[PDB]
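K.L.:
what would the 3D arrangement of this be:
(2 chains)
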Amino acid sequence: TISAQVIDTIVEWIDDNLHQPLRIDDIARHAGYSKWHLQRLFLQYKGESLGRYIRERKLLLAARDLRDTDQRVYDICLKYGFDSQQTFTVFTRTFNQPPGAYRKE
DNA sequence: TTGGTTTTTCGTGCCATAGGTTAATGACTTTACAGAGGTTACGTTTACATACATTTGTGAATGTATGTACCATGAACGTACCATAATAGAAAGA
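P.N.:
Numbering: from 1, shown residues only, chains lettered A, B, ... in the order given. There you are, the coordinates:
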C-alpha cells in the first residue's frame, strides 16, 4: 500500500485511456494522487522518467499494429498517442530500425 | 534526392537549502464519585381509664298431670258411577 493504492489504478488508467498524452496536469487530477503521489512511485517502482516510459509503452503497443498489416502508417502513431509523425519517427533513437523495414517484418 | 545516425538546446524532472501547521505523550483543569457529621420526624413498645359484652339470680307463661259417681248396651250413617280387553283362578259337565 503506497499512497492508498495508486499502483492498482495507474495501470488501469493507462490501459483504459485513449491516445491522450500523459502529463503532470493531465494525470494529476482524476488520478486521486498529485505530483508527489506519482514522483515517489516513478522513483521507486519504475526508476525512469515519464517521457521515456510512455514512449516505450507506445512503441511496445505499436509493435503489434505494425505487424497487423495496416496500410495507413500515418494513423498508427496517432491512434496510440504520438500527435505528430516526426516525433514518432523516437523510433530512430530507440530501435535505429527502419519504420518501413520493421513494418515489412 | 530521400532515409537515418549524430548532436545540442530547453523545458521538465530530480535533489537540496530554507521555513511553517500540526501529529505527540504529557499537565491541565473541571466534573463526578466517595468520605463523615448534625438534624428531622416518624415507628414500635409501654401504662392507664372507661365500655360492650357476657355471666348470674328473680318474677311471670304454659303443661302435662289424675278424675268427675239416676240411666245411656251391634253397623256401615252417607260414600259411587256402571270405560276396555291379556291372564289366571274356582267349578261344571264332557
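K.L.:
helix or strand: which one has residue A:48?
P.N.:
Assessed by DSSP states H and E, residue A:48 sits outside every helix and strand.
K.L.:
please apply the same query to residue A:40.
P.N.:
helix A:35-41.
K.L.:
next, the buried residues of the following helix or strand past that helix.
P.N.:
Going down the chain from helix A:35-41, the next helix or strand is helix A:50-65, by DSSP H and E. With burial defined by 16 or more other CB atoms under 10 Å, the residues of helix A:50-65 counted as buried are A:50, A:54-55, A:58-59, A:62, A:65. In this view, the C-beta of every residue, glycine as well, is placed from N, C-alpha and C.
K.L.:
do the same with stretch A:75-88
P.N.:
Buried residues in stretch A:75-88, defined by neighbour count with 16+ other CB under 10 Å: A:76-77, A:80-82, A:88.
K.L.:
ends of that stretch, what's the gap?
P.N.:
Using CA to CA, to the nearest Å, one end of stretch A:75-88 lies 11 Å from the other.
K.L.:
identify the residues contacting that stretch?
P.N.:
A:19-21, A:54, A:58, A:61-62, A:65-66, A:70, A:74, A:90 (CB atoms under 8 Å, 6 or more residues apart in numbering).
K.L.:
same question for stretch A:98-105.
P.N.:
Residues contacting stretch A:98-105 (CB under 8 Å, 6+ apart): A:66-67, A:73, A:89, A:91, A:95.
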